[PDB]
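Peer 1: Sequence first, structure after; it's an experimental one.
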Number of protein chains: 4
Amino acid sequence: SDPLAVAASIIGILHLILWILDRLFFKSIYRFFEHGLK
Amino acid sequence: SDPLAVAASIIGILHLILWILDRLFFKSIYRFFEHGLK
Amino acid sequence: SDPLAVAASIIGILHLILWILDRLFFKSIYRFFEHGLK
Amino acid sequence: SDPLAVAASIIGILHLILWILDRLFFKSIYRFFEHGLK
């Protein structure tokens, strides 16, 4: 009886996991790093 | 009835939106990197 | 009395600590930078 | 009904602030980047 609390748990896991994963994939690190670096 | 909880949710949404958007956009990565590097 | 709330707490502490240590730790920065630079 | 939730608020806002300030404040990116390198 607290969707807000559930919102906190789901957004927390989604946030941390989304971050690390977004970082590791294949060449994301080098793709974004080189893209931003002209 | 729970500003604290609302603080958690709003903080999360703002966190993800600012993180992603700030990261991309008009070659933001280069703007932040050049800002810290004077 | 609130696994959901308590769970959230663990996620936050784990998030901050994981972030800082992940960055450091035997200069992990170089580990992630070299590994990602396949 | 979640004294821990409070800790979640301070840790979350503090986390965000730490990220932004740490990134930009005084050639910080250069400190971490040059630290992991050497």
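Peer 2: Arrived safely. Numbers count the residues shown, from 1 in each chain, chains lettered A, B, ... in the order given.
Peer 1: Give me the nearest residue to the residue in chain A positioned nearest to chain B, chain neighbours excluded.
Peer 2: Nearest residue of chain A to chain B, counting by CB to the nearest CB: residue A:36, 3.1 Å away. The C-beta positions use only the backbone N, C-alpha and C, and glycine is treated the same way. Closest residue to residue A:36 apart from its sequence neighbours, by CB to CB, 6 or more residues apart in numbering or on different chains: residue B:29 at 3.1 Å.
Peer 1: could you say which helix or strand contains that neighbour?
Peer 2: Per DSSP states H and E, residue B:29 falls inside helix B:28-36.
Peer 1: Distance from the chain centre to the longest helix anywhere in chain A, please.
Peer 2: When chain A is parsed with DSSP state H, its longest helix is helix A:3-23. Computed by CA atoms, centre = their mean, to the nearest Å, the chain-centroid distance of helix A:3-23 equals 8 Å.
Peer 1: how much space between residue A:38 and residue B:30?
Peer 2: Distance of residue A:38 to residue B:30, computed by CB to CB, to the nearest Å: 7 Å.
Peer 1: for residue A:15, same thing?
Peer 2: From residue A:15 to residue B:30 the distance is 25 Å (CB to CB).
Peer 1: show me what contacts residue A:27?
Peer 2: If a contact means CB atoms under 8 Å, 6 or more residues apart in numbering or on different chains, then residue A:27 has C:36, C:38 as its contacts.
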